[PDB]
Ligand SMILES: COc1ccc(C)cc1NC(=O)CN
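The form deposited without the ligand is given below as one chain in structure tokens.
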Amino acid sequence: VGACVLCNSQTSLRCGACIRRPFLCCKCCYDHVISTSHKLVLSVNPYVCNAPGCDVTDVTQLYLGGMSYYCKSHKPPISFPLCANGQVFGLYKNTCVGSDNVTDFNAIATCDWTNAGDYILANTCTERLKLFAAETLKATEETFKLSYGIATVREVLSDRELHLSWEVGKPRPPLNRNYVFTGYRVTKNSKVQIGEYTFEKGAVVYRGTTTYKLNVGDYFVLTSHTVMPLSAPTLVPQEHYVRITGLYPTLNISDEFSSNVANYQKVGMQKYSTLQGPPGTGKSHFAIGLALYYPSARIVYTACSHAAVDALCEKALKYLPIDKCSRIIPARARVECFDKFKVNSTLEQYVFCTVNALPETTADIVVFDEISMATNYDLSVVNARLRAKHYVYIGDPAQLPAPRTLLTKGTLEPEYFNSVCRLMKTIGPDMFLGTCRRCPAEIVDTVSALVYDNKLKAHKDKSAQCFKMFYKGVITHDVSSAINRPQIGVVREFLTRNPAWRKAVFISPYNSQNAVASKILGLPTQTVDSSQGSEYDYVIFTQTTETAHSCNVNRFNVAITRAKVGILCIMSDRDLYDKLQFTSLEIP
């Protein structure tokens, strides 16, 4: 027994065909079952024909007789429909209102999440539906991981190398660092977890959360996480204040964070505040300075990726007392991340943690950085677990989004990423930093006229070290990713002529190209995903292919805006090459 998801009308009915089983009132249950393929209803007992040897679970055929339910063919003459005239028989069959926006609920519950419009509706609906939509999406995504087959240990070559065998009749997941597996040891009458594992193609290379000596017969499946019911909203009700509440501002502040003191005051004058900033404009710098303006306040810094949280940790290292910081890493995951703070010291003034690894705790201010990669599920988790006085949502909708791996056909705008990005595109951000304080003028001019509507201002001047070369090269593939060796050879010859560029960071859309360029060039390699929130003096980027993946403007924007001094872009698509306001080089 619970509350309807479309009315809040008390009811005992749930839809069994919905993969989330939401409470539905008598009218809503009727409105849903008559217009969709969903016909199973769950009350105290599932509505099913009490006739011996009958299968009818469809509520549209069932009738009530005494204390049992019968189908259309096994019903007595005096028997009444369970679902008729617009309602469904159930507890509280009389406190049933009826929603006007049930058309939305039907589309959300029945869509496969392969079109952008399915995600548009999941962000433009009511708040009660946003939580439901995020549950259905995450459950759909987690259910789609079961379509891949099991991988078992066939042969152990060494430690960091394996031979795998694949469960028949099912496809194989892509082998790279993005996809994390779980290993199991087969016991007598059960199965026990061995840790976390990731695989790459050399015979496969492996790294584990443990040093376990995996033997033949152990198996790996994509790590699936529990979909939790969402209670707290994506955004709490907005409260505006008349003075600063709960916080005591500092008397003297450093000259770096002096330009944000007006915005820092606005943070403490309202329940939640949004800061939109183009790349390299000081959004994360804004977040760490907030701690210095409210020295007594306890701030929780969170983001959706371990990379973005590490970026905040690096800045916090420079500006905050190191003995007041902590990095929250989840139990028994090796995944290498910033360990210059105390690890898993939840009761510190400053806490740096990932969204899905958040502990249930209070804070004075909550800072959510890189908001473009967030989802409504993430926003709900943050309000659920972190109870704070102030919520600061920081990010750039024109940077990396959350991976919507089931989204296939169509283009989703940044305005439909999540409810916080929805505010930034409609009513505007509460705060805004419009001056890029990191990249040279050539990069800023490129991204300003490319994606930021010529509204991005540069603080740095032309460094004259931003170069672009047009070489398609030779594209070679292994399964998921791709490799362009001639484009790497261009960098190799370039690296001799510019010896100040072998400390540079190599960026590429494909991480097989990263591995190949790491072996031949021997440079530090970062993916666009792994470079988020980070800045490097010199960046070398090879586009590798002209595929739709490599030509993504947001992905391309993030990659080239990582450089603070110089960048070299080996482009394959002339459309993006000509839109680069760099200096062109000549072929040898």
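By rigid core we mean the largest C-alpha set that fits within 1.5 Å across both forms. All residue numbers refer to positions in the sequence shown, first residue = 1.
Although not depicted, the form deposited with the ligand bound is the subject of the following passage.
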Would the site accept the ligand without a clash, i.e. open, or is it blocked, meaning 3 or more of its atoms lie within 2.4 Å of backbone or C-beta after superposition from the pose in the entry with it bound? open
Okay, which stretch from 155-163, 462-470, 333-341, 111-119 lines the ligand in the entry with it bound, with non-hydrogen atoms inside 4.5 Å? 462-470
Is residue 580 one of the residues lying within 4.5 Å of the ligand in the entry with it bound, judged by heavy atom distances? yes
Just one of 271, 266, 502, 404 has a C-alpha that shifts by 2 Å or more between this form and the one not shown on a rigid core fit; which is it? 502
Once you line up the core, how about residue 562: does its CA shift reach 2 Å between this form and the one not shown? yes
Taking the rigid core as the superposition reference, indicate whether the CA of residue 536 shifts 2 angstroms or more between this form and the one not shown. yes
Relative to the superposed rigid core, does the CA atom of residue 49 travel 2 Å or more between this form and the one not shown? no
Comparing against this form, do residue 408 and residue 478 have their CA atoms pulled together or pushed apart in the entry with it bound? The difference is 3 Å or more. closer
